[PDB]
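A.B. asks: sequence, then the experimental structure. Questions to follow.
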Amino acid sequence: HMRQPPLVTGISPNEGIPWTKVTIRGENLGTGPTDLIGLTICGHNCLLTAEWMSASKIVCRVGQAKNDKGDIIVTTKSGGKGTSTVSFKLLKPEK
């Protein structure tokens with residue numbers, strides 16, 4: 001009965017700089033734009049860029065690395081921080 005925390009386990013790409021676009025895929029990633037109050041990628045905050053789409057898909061650019069794995073966390077008012085088994089590998093800026 002209790003609402004399960006947003007689960008993440010899907011990604012179109014699998015390698016690219018932080019500014020690289022990546023489509024989030026999972027389950028119960030908040031059933032509303034307002035619900036998605038908190039958003040962070042690689043520890044770096046990126047809510048401003050993050051855009052709500054559905055209870056699974058979320059468009060947002062991966063934030064600069066800070067942690068050491070690349071866990072896609074997603075906060076939700078109904079629930080809390082989303083856990084992700086998968087992690088995006090951040091590539092050094094092209095220059």
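C.D. replies: Received it, and whenever you're ready, just let me know what you need. Residues are numbered from 1 along each chain as shown.
A.B. asks: wait, residue 94 touches residue 18, no?
C.D. replies: No. Residue 94 lies out of contact with residue 18 (CB atoms under 8 Å); the separation is 11.5 Å. Just so you know, the C-beta spots here come from the backbone N, C-alpha and C atoms, and that holds for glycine as well.
A.B. asks: compare the two and say which is more crowded by neighbours.
C.D. replies: residue 18 (20 against 7; other CB atoms under 10 Å).
A.B. asks: does that one touch residue 61 like I think?
C.D. replies: Yes. With contact defined as CB under 8 Å, residue 18 counts as touching residue 61 (6.7 Å).
A.B. asks: how far away is the residue nearest the centre of the chain from residue 43?
C.D. replies: Compute the mean C-alpha point of the chain, and by CA atoms, centre = their mean the closest residue is residue 72, 4.0 Å away. Look at residue 72 and residue 43: by CB to CB, to the nearest Å, they are 11 Å apart.
A.B. asks: now do residue 3
C.D. replies: Counting by CB to CB, the gap from residue 3 to residue 43 is 25 Å.
A.B. asks: now do residue 19
C.D. replies: Residue 19 is 16 Å from residue 43, by CB to CB.
A.B. asks: can you check residue 85 too?
C.D. replies: 17 Å.
A.B. asks: higher neighbour count, these two?
C.D. replies: Between residue 85 and residue 43, counting by other CB under 10 Å, residue 43 is the more crowded of the two (15 against 11).
A.B. asks: residues in contact with the more buried one?
C.D. replies: Residue 43 makes contacts with 63, 65, 66, 67, as judged by CB atoms under 8 Å, 6 or more residues apart in numbering.
A.B. asks: which ones among those residues map onto strands?
C.D. replies: Applying DSSP state E to the contacts of residue 43, no entry is found in strands.
A.B. asks: closest one to residue 39 out of these, please.
C.D. replies: residue 63 (9.0 Å; CB to CB).
A.B. asks: what's around the closest one, how many residues?
C.D. replies: Residue 63 has 22 nearby residues by other CB under 10 Å.
A.B. asks: for it, give me its contacts.
C.D. replies: 18, 40, 41, 42, 43, 44, 45, 46.
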